[PDB]
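First comes the structure, then the notes that go with it.
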Amino acid sequence: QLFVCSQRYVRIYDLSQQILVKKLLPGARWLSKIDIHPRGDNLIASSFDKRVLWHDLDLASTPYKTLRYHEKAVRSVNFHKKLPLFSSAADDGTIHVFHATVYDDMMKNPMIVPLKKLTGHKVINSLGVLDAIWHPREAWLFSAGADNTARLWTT
Amino acid sequence: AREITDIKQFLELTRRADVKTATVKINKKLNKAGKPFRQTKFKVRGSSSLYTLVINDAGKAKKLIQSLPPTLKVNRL
Amino acid sequence: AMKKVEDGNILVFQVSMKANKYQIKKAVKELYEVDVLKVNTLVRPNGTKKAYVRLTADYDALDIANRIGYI
Amino acid sequence: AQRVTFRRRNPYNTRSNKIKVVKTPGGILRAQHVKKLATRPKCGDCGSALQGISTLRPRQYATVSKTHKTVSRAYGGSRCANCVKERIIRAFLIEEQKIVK
RNA sequence: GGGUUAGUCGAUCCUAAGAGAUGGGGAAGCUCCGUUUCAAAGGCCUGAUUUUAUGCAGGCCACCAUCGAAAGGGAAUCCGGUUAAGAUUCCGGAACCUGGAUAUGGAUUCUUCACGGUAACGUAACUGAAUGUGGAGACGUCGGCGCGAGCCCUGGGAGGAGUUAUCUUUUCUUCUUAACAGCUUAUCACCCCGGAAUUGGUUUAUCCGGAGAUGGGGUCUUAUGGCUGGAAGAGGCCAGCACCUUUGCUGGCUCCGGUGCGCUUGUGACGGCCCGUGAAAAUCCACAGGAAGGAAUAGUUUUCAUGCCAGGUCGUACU
């Protein structure tokens, strides 16, 4: 499958069947980025209007949860590939770290818990954290700043 | 009638609590033109419309039959 | 009319000429305590009004037919 | 070889009373009455069909959502776009000329 | 004697040529003229109208009854089954329309009434009264040219039937897919970039371009087509058992293609014709306007989704 994020929607295509299989309706006007949960049935999306949307792909096409933990446009959302963590990064110079448990088999929806607000990046010309990425194994997050730095966040 | 692709969306309709009855259906078809395979079709009677879900793989089909609620009526072929 | 009870789940009544579908739906529900799915009507050639009255899947047409008399 | 009737009691070829011949699941031909074709909505000035508006019968617009019937520009539902352009240009210059008078 | 079952097919509703009460006026009179006319021809908003103390005050709006189409206009239903005789009306399943209550989900809001795209415009949503403006309803005929459907023609394979004196890998037949829903698709048209004589593009038909062509990249209508759902469970073609029975019961196969000044029909963009230029109204929608109404401790959106209830009267047999 290929996930395609426009400013307003996320469309999921099956490259084998060559057809659209799902259209997500995040309810934002200015989506900025998506990431896909490593077990493949959930998605997060950032928006310039300060929101992060969690979509449970099988549950409904509208957001399962709307996260409002930023004072400014959110530029990146990123899942850890192995640990039950994800992050959002915004123009307020802040990164927010979350826990998420997903229940693959049983009739329970995801458990999302905010964990930590990471501060340190300097806001430059209304820009803050421009990108972020998790370490593939460790609970370590790397961030890219408008302040000319990249940074490593650790336990 | 209304097809659904997504698996999460089907489990919401079973818990919607207008749906009195469902029905399962099994069809023999041939993939590409190489060999036969055993398709399934999980249909569910909504009040307005008939929602349905086409699963091609036989392994995923058998777990889906268990994943239905017991309180819902289910009807084979 | 025996045939329409088992296959159709349909009661067949004779009705007053001045009655309509709404009154037949109300009067069947009042007397026998049964939910009606739909009523159809036709005026007979002899001049009475026949009324085919299908019931819902919950309430059986067979059971009410024993209680009324004609069966 | 197989031939086909009017379903309805009108036996004449009126604008309303048209037919398509259709093959059924029963495996026989049958008439199906086609409803009359929707014309496009027009721009009430330049006099041409105008984009992003659905072609429906006039009652059928009541069923359909707002984003079908409208477009997002001011005067969008009822103007050509190029003819909306003109009157914004015109309003601005004539209003500016009124101060010069 | 039996037989005609409808929210979805009609009537009913709208107006056409025309008919015709009322207000009036003629006529000894039966009645005649006239149809929005020399009529006090109703129904909407506000009000401690601030004092007269237990009585209606201040404003707003502007034409006209009704009848007249089972072929004009017009909300919405399809397949399969069934009867001695009925079905778009019964049965089974699958749909839609109108009107009304509200309640959860989503969306929107502390910048209260969404965001994106340079733009054509886009999306599941994304307040709106008076009044005003616009579109649909809404329309000639002929001519060829393009596109679609149904039929016709035709090949392989899986069944069934006939021919066989001799010949014929043979002749005939079955191999189907509804409304409705979701994705996707097209001429015309439109936008952006760019600046054309060494003039170019282009239709069967010679019209188009510095009022911006050719070219490259877009946006839109969804007639129509395609793909899945409906839906193989249906229907069709075969095979075999039970047997006074008014009787069941069980197996298979239902596949993959091709052709065109073909025929019928629907539609598109064009062209010809006139001292002919080829209905109206109901109904629906949009746009301009902003009366006013809504949140930070919970409101606003029932033009997004899902859910609840209801649908009268008469015609329906057959020629």
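Labels used: A, B, ... for chains in the order of the structure tokens, numbers from 1 for residues in each chain, and numbers from 1 for ligands as shown.
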
Interface residues on chain D facing chain E, 7 Å, only C-alpha atoms (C1' of nucleotides), written as an mmCIF file with N, CA, C and O atoms, in the first residue's frame:
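The new file result-v3.cif reads:
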data_model
loop_
_atom_site.group_PDB
_atom_site.id
_atom_site.type_symbol
_atom_site.label_atom_id
_atom_site.label_comp_id
_atom_site.auth_asym_id
_atom_site.auth_seq_id
_atom_site.Cartn_x
_atom_site.Cartn_y
_atom_site.Cartn_z
ATOM 1 N N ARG D 8 -45.367 0.832 -19.064
ATOM 2 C CA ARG D 8 -46.413 1.733 -18.556
ATOM 3 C C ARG D 8 -47.533 1.901 -19.578
ATOM 4 O O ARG D 8 -47.378 1.527 -20.748
ATOM 5 N N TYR D 12 -47.340 5.919 -26.498
ATOM 6 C CA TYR D 12 -46.777 6.860 -27.459
ATOM 7 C C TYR D 12 -45.370 7.309 -27.115
ATOM 8 O O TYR D 12 -44.969 7.303 -25.958
ATOM 9 N N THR D 14 -43.521 9.953 -26.419
ATOM 10 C CA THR D 14 -43.433 11.326 -25.926
ATOM 11 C C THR D 14 -42.035 11.632 -25.370
ATOM 12 O O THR D 14 -41.217 10.728 -25.241
ATOM 13 N N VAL D 21 -33.434 -0.804 -24.036
ATOM 14 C CA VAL D 21 -33.522 -2.268 -24.003
ATOM 15 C C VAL D 21 -32.340 -2.847 -23.222
ATOM 16 O O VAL D 21 -31.188 -2.542 -23.529
ATOM 17 N N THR D 24 -31.427 -8.840 -18.718
ATOM 18 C CA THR D 24 -31.644 -9.083 -17.284
ATOM 19 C C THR D 24 -30.842 -10.291 -16.780
ATOM 20 O O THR D 24 -30.273 -11.035 -17.581
ATOM 21 N N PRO D 25 -30.795 -10.491 -15.446
ATOM 22 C CA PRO D 25 -30.355 -11.773 -14.874
ATOM 23 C C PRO D 25 -31.216 -12.996 -15.240
ATOM 24 O O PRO D 25 -30.712 -14.117 -15.240
ATOM 25 N N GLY D 26 -32.499 -12.786 -15.530
ATOM 26 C CA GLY D 26 -33.352 -13.837 -16.083
ATOM 27 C C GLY D 26 -32.928 -14.353 -17.449
ATOM 28 O O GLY D 26 -33.253 -15.488 -17.809
ATOM 29 N N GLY D 27 -32.207 -13.525 -18.208
ATOM 30 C CA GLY D 27 -31.705 -13.889 -19.529
ATOM 31 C C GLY D 27 -32.708 -13.587 -20.624
ATOM 32 O O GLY D 27 -32.792 -14.325 -21.608
ATOM 33 N N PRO D 41 -26.480 23.778 -15.457
ATOM 34 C CA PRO D 41 -26.770 25.155 -15.023
ATOM 35 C C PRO D 41 -25.898 26.173 -15.740
ATOM 36 O O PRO D 41 -24.768 25.854 -16.088
ATOM 37 N N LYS D 42 -26.422 27.379 -15.965
ATOM 38 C CA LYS D 42 -25.737 28.394 -16.771
ATOM 39 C C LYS D 42 -25.301 29.575 -15.927
ATOM 40 O O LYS D 42 -25.713 29.716 -14.776
ATOM 41 N N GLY D 44 -25.569 33.537 -15.580
ATOM 42 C CA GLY D 44 -26.715 34.368 -15.938
ATOM 43 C C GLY D 44 -26.303 35.759 -16.367
ATOM 44 O O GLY D 44 -26.734 36.755 -15.779
ATOM 45 N N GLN D 51 -18.473 25.591 -14.105
ATOM 46 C CA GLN D 51 -17.807 24.344 -13.746
ATOM 47 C C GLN D 51 -17.926 24.045 -12.261
ATOM 48 O O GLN D 51 -18.067 24.951 -11.438
ATOM 49 N N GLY D 52 -17.843 22.759 -11.934
ATOM 50 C CA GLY D 52 -17.959 22.290 -10.562
ATOM 51 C C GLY D 52 -19.368 22.334 -10.006
ATOM 52 O O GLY D 52 -19.546 22.402 -8.789
ATOM 53 N N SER D 54 -23.053 20.140 -10.390
ATOM 54 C CA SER D 54 -23.619 18.887 -10.887
ATOM 55 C C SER D 54 -24.782 19.123 -11.851
ATOM 56 O O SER D 54 -25.543 20.076 -11.689
ATOM 57 N N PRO D 58 -34.219 19.506 -11.576
ATOM 58 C CA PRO D 58 -34.267 20.634 -10.649
ATOM 59 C C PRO D 58 -34.702 20.273 -9.217
ATOM 60 O O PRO D 58 -34.197 20.870 -8.268
ATOM 61 N N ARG D 59 -35.599 19.299 -9.071
ATOM 62 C CA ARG D 59 -35.923 18.734 -7.754
ATOM 63 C C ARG D 59 -34.725 18.028 -7.101
ATOM 64 O O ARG D 59 -34.526 18.138 -5.886
ATOM 65 N N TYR D 61 -31.633 18.650 -6.963
ATOM 66 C CA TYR D 61 -30.714 19.523 -6.217
ATOM 67 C C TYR D 61 -31.007 19.594 -4.713
ATOM 68 O O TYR D 61 -30.102 19.875 -3.924
ATOM 69 N N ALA D 62 -32.258 19.350 -4.313
ATOM 70 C CA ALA D 62 -32.635 19.362 -2.894
ATOM 71 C C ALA D 62 -32.021 18.220 -2.074
ATOM 72 O O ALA D 62 -31.764 18.386 -0.881
ATOM 73 N N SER D 65 -25.698 17.603 -1.410
ATOM 74 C CA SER D 65 -24.966 18.495 -0.505
ATOM 75 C C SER D 65 -24.557 19.835 -1.128
ATOM 76 O O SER D 65 -24.613 20.013 -2.342
ATOM 77 N N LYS D 66 -24.123 20.760 -0.272
ATOM 78 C CA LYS D 66 -23.832 22.151 -0.659
ATOM 79 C C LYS D 66 -22.619 22.284 -1.588
ATOM 80 O O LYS D 66 -22.624 23.118 -2.494
ATOM 81 N N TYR D 75 -19.833 34.806 -5.390
ATOM 82 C CA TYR D 75 -20.625 34.802 -6.615
ATOM 83 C C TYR D 75 -20.328 33.521 -7.366
ATOM 84 O O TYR D 75 -20.610 33.413 -8.553
ATOM 85 N N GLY D 77 -21.535 30.267 -7.216
ATOM 86 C CA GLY D 77 -22.601 29.447 -7.744
ATOM 87 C C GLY D 77 -23.245 29.999 -9.002
ATOM 88 O O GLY D 77 -23.563 29.255 -9.923
ATOM 89 N N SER D 78 -23.447 31.313 -9.019
ATOM 90 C CA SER D 78 -24.119 32.004 -10.120
ATOM 91 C C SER D 78 -23.334 32.814 -11.165
ATOM 92 O O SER D 78 -23.955 33.468 -11.995
#

Taking only residues of chain C that have an atom at most 6 Å from an atom of chain E, what is each one's shortest atom pair and its distance in Å to one decimal, using only C-alpha atoms (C1' of nucleotides), in chain and number order, as JSON lines?
{"residue": "C:40", "atom": "CA", "partner": "E:5", "partner_atom": "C1'", "distance": 5.5}
{"residue": "C:41", "atom": "CA", "partner": "E:5", "partner_atom": "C1'", "distance": 5.5}
{"residue": "C:42", "atom": "CA", "partner": "E:5", "partner_atom": "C1'", "distance": 5.4}

Any chance you can output those residues with N, CA, C and O atoms as an mmCIF file, in the first residue's frame?
data_model
loop_
_atom_site.group_PDB
_atom_site.id
_atom_site.type_symbol
_atom_site.label_atom_id
_atom_site.label_comp_id
_atom_site.auth_asym_id
_atom_site.auth_seq_id
_atom_site.Cartn_x
_atom_site.Cartn_y
_atom_site.Cartn_z
ATOM 1 N N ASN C 40 -52.329 -4.099 2.575
ATOM 2 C CA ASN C 40 -52.910 -3.851 1.262
ATOM 3 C C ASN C 40 -54.398 -4.132 1.289
ATOM 4 O O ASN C 40 -54.867 -4.917 2.115
ATOM 5 N N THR C 41 -55.134 -3.489 0.385
ATOM 6 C CA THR C 41 -56.595 -3.607 0.313
ATOM 7 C C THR C 41 -57.069 -3.714 -1.131
ATOM 8 O O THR C 41 -56.461 -3.138 -2.035
ATOM 9 N N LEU C 42 -58.152 -4.460 -1.333
ATOM 10 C CA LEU C 42 -58.916 -4.419 -2.577
ATOM 11 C C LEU C 42 -60.397 -4.593 -2.308
ATOM 12 O O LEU C 42 -60.787 -5.364 -1.431
#

* Asked: as an NGL selection string, which residues of region 32-116 of chain A does DSSP assign to strand (DSSP E or B)?
  -> :A and (32-36 or 42-47 or 52-56 or 65-67 or 74-79 or 85-90 or 95-101 or 111-116)

With C-alpha atoms retained, write the just-selected residues as a CSV table (one decimal), in the first residue's frame.
chain,number,residue,atom,x,y,z
A,32,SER,CA,1.9,18.6,7.2
A,33,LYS,CA,3.1,15.0,7.7
A,34,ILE,CA,2.0,11.4,8.4
A,35,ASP,CA,3.5,8.3,10.0
A,36,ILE,CA,2.2,4.8,10.1
A,42,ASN,CA,-3.0,3.1,12.8
A,43,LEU,CA,-1.7,6.4,11.6
A,44,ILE,CA,-0.8,9.8,13.0
A,45,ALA,CA,-1.0,13.1,11.2
A,46,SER,CA,0.4,16.6,12.0
A,47,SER,CA,-1.3,19.8,11.0
A,52,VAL,CA,-2.1,15.9,15.9
A,53,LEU,CA,-4.7,13.4,14.7
A,54,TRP,CA,-4.6,9.7,15.5
A,55,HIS,CA,-6.5,7.5,13.0
A,56,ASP,CA,-7.4,4.0,13.8
A,65,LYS,CA,-8.2,11.1,19.0
A,66,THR,CA,-7.3,14.7,18.6
A,67,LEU,CA,-4.2,15.7,20.4
A,74,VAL,CA,3.2,20.9,14.1
A,75,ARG,CA,5.8,20.0,11.6
A,76,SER,CA,6.5,16.3,12.2
A,77,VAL,CA,4.9,13.2,13.7
A,78,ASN,CA,7.0,10.0,14.2
A,79,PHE,CA,6.4,6.5,15.5
A,85,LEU,CA,6.3,5.6,21.6
A,86,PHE,CA,5.6,8.4,19.3
A,87,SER,CA,6.4,12.1,19.1
A,88,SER,CA,5.2,15.4,17.7
A,89,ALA,CA,7.4,18.3,16.9
A,90,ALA,CA,6.4,21.9,16.4
A,95,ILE,CA,8.8,18.0,21.1
A,96,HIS,CA,6.0,16.1,22.8
A,97,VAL,CA,6.5,12.4,23.6
A,98,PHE,CA,3.6,9.9,23.9
A,99,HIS,CA,3.0,6.3,24.8
A,100,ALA,CA,0.6,4.3,22.7
A,101,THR,CA,-0.6,0.8,23.3
A,111,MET,CA,-4.4,3.7,24.7
A,112,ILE,CA,-2.6,7.0,24.3
A,113,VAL,CA,-0.7,8.7,27.2
A,114,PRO,CA,1.3,11.9,27.1
A,115,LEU,CA,4.7,11.3,28.6
A,116,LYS,CA,7.0,14.3,28.3

* To do: Give as a ChimeraX atom specification every residue of chain A that touches chain B within 12 Å, counting only C-alpha atoms.
  => /A:12-14,17,19-24,40-42,55-62,64,103-109

Could those residues be written to a file, using C-alpha atoms, as a compact mmCIF listing (two decimals), in the first residue's frame?
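Saved as result.txt:
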# COMPACT_ATOMS: atom_id res chain seq x y z
CA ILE A 12 -4.60 4.75 0.97
CA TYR A 13 -3.95 2.88 -2.28
CA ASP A 14 -3.38 -0.81 -2.85
CA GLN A 17 -4.99 -4.06 -6.87
CA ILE A 19 -7.27 0.87 -6.40
CA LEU A 20 -8.11 3.30 -3.62
CA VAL A 21 -8.99 1.30 -0.52
CA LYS A 22 -9.50 4.01 2.15
CA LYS A 23 -9.85 7.78 2.45
CA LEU A 24 -9.17 9.30 5.90
CA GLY A 40 0.17 -1.19 10.25
CA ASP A 41 -3.38 -0.40 11.41
CA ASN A 42 -2.98 3.10 12.84
CA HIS A 55 -6.49 7.53 12.99
CA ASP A 56 -7.44 3.95 13.81
CA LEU A 57 -7.76 2.78 10.21
CA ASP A 58 -10.29 -0.01 10.79
CA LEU A 59 -12.34 1.87 13.37
CA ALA A 60 -13.61 4.92 11.47
CA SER A 61 -12.41 7.34 8.77
CA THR A 62 -12.49 10.31 11.17
CA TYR A 64 -9.95 8.42 16.85
CA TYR A 103 -4.62 -3.87 20.77
CA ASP A 104 -4.25 -5.85 17.55
CA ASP A 105 -6.69 -8.68 18.15
CA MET A 106 -9.19 -7.64 20.79
CA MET A 107 -12.02 -5.11 20.74
CA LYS A 108 -10.21 -2.31 22.54
CA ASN A 109 -9.13 0.97 20.99

* To do: Excluding region 41-43 of chain B and residues on its chain fewer than 3 positions from it, collect all residues at most 7 Å away from it, counting only C-alpha atoms (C1' of nucleotides), and give them as an MDAnalysis selection string.
  => chainID B and resid 22:26 50:55

With N, CA, C and O atoms retained, could you export that selection as a PDB file, in the first residue's frame?
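Result file selection-v1.pdb:
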ATOM      1  N   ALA B  22     -26.478 -11.170  10.795  1.00  0.00           N
ATOM      2  CA  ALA B  22     -25.448 -11.201   9.752  1.00  0.00           C
ATOM      3  C   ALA B  22     -25.608 -12.445   8.880  1.00  0.00           C
ATOM      4  O   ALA B  22     -26.495 -13.271   9.114  1.00  0.00           O
ATOM      5  N   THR B  23     -24.745 -12.565   7.872  1.00  0.00           N
ATOM      6  CA  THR B  23     -24.636 -13.794   7.080  1.00  0.00           C
ATOM      7  C   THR B  23     -23.243 -13.934   6.448  1.00  0.00           C
ATOM      8  O   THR B  23     -22.695 -12.965   5.920  1.00  0.00           O
ATOM      9  N   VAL B  24     -22.693 -15.149   6.520  1.00  0.00           N
ATOM     10  CA  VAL B  24     -21.410 -15.501   5.903  1.00  0.00           C
ATOM     11  C   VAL B  24     -21.663 -16.264   4.602  1.00  0.00           C
ATOM     12  O   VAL B  24     -22.644 -16.999   4.487  1.00  0.00           O
ATOM     13  N   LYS B  25     -20.768 -16.082   3.633  1.00  0.00           N
ATOM     14  CA  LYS B  25     -20.905 -16.688   2.307  1.00  0.00           C
ATOM     15  C   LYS B  25     -19.536 -17.110   1.788  1.00  0.00           C
ATOM     16  O   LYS B  25     -18.550 -16.411   2.005  1.00  0.00           O
ATOM     17  N   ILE B  26     -19.497 -18.252   1.098  1.00  0.00           N
ATOM     18  CA  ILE B  26     -18.254 -18.867   0.622  1.00  0.00           C
ATOM     19  C   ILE B  26     -18.377 -19.151  -0.876  1.00  0.00           C
ATOM     20  O   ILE B  26     -19.385 -19.703  -1.323  1.00  0.00           O
ATOM     21  N   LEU B  50     -26.883  -2.828   3.178  1.00  0.00           N
ATOM     22  CA  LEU B  50     -26.204  -4.106   3.405  1.00  0.00           C
ATOM     23  C   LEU B  50     -24.692  -3.940   3.239  1.00  0.00           C
ATOM     24  O   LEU B  50     -24.189  -3.870   2.115  1.00  0.00           O
ATOM     25  N   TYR B  51     -23.977  -3.888   4.364  1.00  0.00           N
ATOM     26  CA  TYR B  51     -22.520  -3.728   4.367  1.00  0.00           C
ATOM     27  C   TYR B  51     -21.846  -5.092   4.233  1.00  0.00           C
ATOM     28  O   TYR B  51     -22.316  -6.074   4.809  1.00  0.00           O
ATOM     29  N   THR B  52     -20.745  -5.147   3.483  1.00  0.00           N
ATOM     30  CA  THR B  52     -20.068  -6.411   3.155  1.00  0.00           C
ATOM     31  C   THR B  52     -18.549  -6.247   3.049  1.00  0.00           C
ATOM     32  O   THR B  52     -18.041  -5.149   2.796  1.00  0.00           O
ATOM     33  N   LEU B  53     -17.845  -7.362   3.242  1.00  0.00           N
ATOM     34  CA  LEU B  53     -16.391  -7.378   3.405  1.00  0.00           C
ATOM     35  C   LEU B  53     -15.810  -8.628   2.742  1.00  0.00           C
ATOM     36  O   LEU B  53     -16.086  -9.750   3.176  1.00  0.00           O
ATOM     37  N   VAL B  54     -15.013  -8.424   1.696  1.00  0.00           N
ATOM     38  CA  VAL B  54     -14.470  -9.517   0.891  1.00  0.00           C
ATOM     39  C   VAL B  54     -13.048  -9.828   1.363  1.00  0.00           C
ATOM     40  O   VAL B  54     -12.145  -9.004   1.191  1.00  0.00           O
ATOM     41  N   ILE B  55     -12.862 -11.003   1.971  1.00  0.00           N
ATOM     42  CA  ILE B  55     -11.538 -11.493   2.384  1.00  0.00           C
ATOM     43  C   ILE B  55     -11.132 -12.660   1.484  1.00  0.00           C
ATOM     44  O   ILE B  55     -11.856 -13.649   1.385  1.00  0.00           O
TER      45      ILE B  55
END
